[PDB]
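I'd like to ask some things about the structure below.
Each ligand, and each atom within it, is numbered from 1 in the order the structure gives. Side chains included, hydrogens not; waters and symmetry mates left out as well; all remaining heavy atoms used. All residue numbers refer to positions in the sequence shown, counting from 1.
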Amino acid sequence: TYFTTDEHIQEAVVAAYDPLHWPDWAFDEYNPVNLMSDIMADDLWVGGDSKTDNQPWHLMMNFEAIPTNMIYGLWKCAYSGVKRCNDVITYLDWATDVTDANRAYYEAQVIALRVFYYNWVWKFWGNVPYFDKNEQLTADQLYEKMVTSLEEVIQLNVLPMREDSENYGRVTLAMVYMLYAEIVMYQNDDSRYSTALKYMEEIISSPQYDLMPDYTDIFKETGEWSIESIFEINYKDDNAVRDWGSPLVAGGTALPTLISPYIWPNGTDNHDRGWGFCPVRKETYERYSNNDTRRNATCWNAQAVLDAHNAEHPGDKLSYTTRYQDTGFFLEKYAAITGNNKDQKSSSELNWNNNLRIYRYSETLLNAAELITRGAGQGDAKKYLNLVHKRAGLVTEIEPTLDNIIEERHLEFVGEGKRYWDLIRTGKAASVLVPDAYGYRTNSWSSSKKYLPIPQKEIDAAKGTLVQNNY
Ligand code: NA
């Protein structure tokens, strides 16, 4: 009865977006979607009390995940998203008073969201259940369903290129273009490279997408939905009431609590404390040139801050509590900043206002450079690469080789859930992700590690329906 009117179907479309903001704290797990890939690359450690604190993260990082000790929150969030998208398509088949223009717009949002949620399970697990109404496909078969759905959304021709202040967070054409380029490039689907390049060029031609001149302004609260932002997942502290017992409410994010220094003295250098997950590797700080603005915007030297403080006051000496894999560096982009939870009305730990940046225009420029270099089309790959390189303060221009473009991504997107997928899709993962001199990673990546083990509870529930990955 209820989901028969346009007004109520709009409420269902809004509901289909909610699982976007769940995985950082949902289904009694912390599975923040960016960190779940970055812990498997070469930029961060895992941290916590020990290798048994969030053990599933430590196992994934060392390519020894097991089905009975695996992340499961993200899986449940992805399929909750898929189910809510399917509900809207079902409701539209039984719709009283929905105009043709509105039907197509509602459809464009939920089909694009559905591909976005399938992309989470496609990337992490590959060979997973598929449904468009409320069965295990191969990764290659799921790619086929995903890319065809994006083609249909693009062909509806109803999404705006950019949203306005009232609706930031809604699906846009630019968001769909970026998701299209993402899955096309991860699949190595050279048949679609020229189309993906044409889409990147359309975003580049828009005067309403560009680089922020100062990379240090991006991850500030004032940098949310800037000229650089193509897509973010919205989080707020203002009267936010996300809680241990209320993880699903539209509130703040847990991410800053997870990755800020344990028992930091709150307010020192306008940073707050967290649980000491995902310290930034010393090697990440060292790979930057001194005049690369990304170095300090990525790597916050918490220990140097206290060393300075203690020199300037030998009376009032401070420390934080170093945890497993401590380096003295934390991920500045999503660090707990004094004031960024100040208006929350529940658990301070779960209500940070930091939006999760998904697609930034520097990714558009690097995607276009790489696609041009791979022979998708003619275009100024060198200009596109160096707009990003030079925005970071670097004076030397670099040639648009594949290695140079892949390394610029590496410098550009630490902690943003890009590097692991870039290593795998370019064939670099086997040679880069090898045992370290710390004894932290003790295994080498190999092609069997591309798809994680499916959770044992899902294998058990499918009654032989779900074939476990050979990981
Ligand atoms: Na532009």
Query raised in the report: Leaving out waters, which are not shown anyway, how many protein N, O or S atoms lie closer than 3.0 Å to the Na ion (ligand 1)?
Result: 4

Query - side chain to side chain donor-acceptor pair (under 3.5 Å) partners for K76, two or more places apart - result: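 Counting only residues at least two positions away or on another chain, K76 forms no side chain to side chain donor-acceptor pair (under 3.5 Å).
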
Query raised in the report: Do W125 and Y451 have their ring centres less than 6.0 Å from each other?
Result: no

Report summary line: Per ring-ring contact (aromatic ring centres under 6.0 Å, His included), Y180 is matched among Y199, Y186, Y359 by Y199

Query - Residues forming a side chain to side chain donor-acceptor pair (under 3.5 Å) with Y384, sequence neighbours excluded - result: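 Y384 satisfies side chain to side chain donor-acceptor pair (under 3.5 Å) with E201 once adjacent residues are dropped.
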
Query raised in the report: Residues two or more places apart in sequence or in another chain: which of them pass side chain to side chain donor-acceptor pair (under 3.5 Å) with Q303?
Result: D307

Requested in this report: First locate atom CZ of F116, then atom CE of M175, and finally report the distance between them rounded to the nearest 0.5 Å.
Outcome: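 Atom-to-atom, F116:CZ and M175:CE are 5.5 Å apart.
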
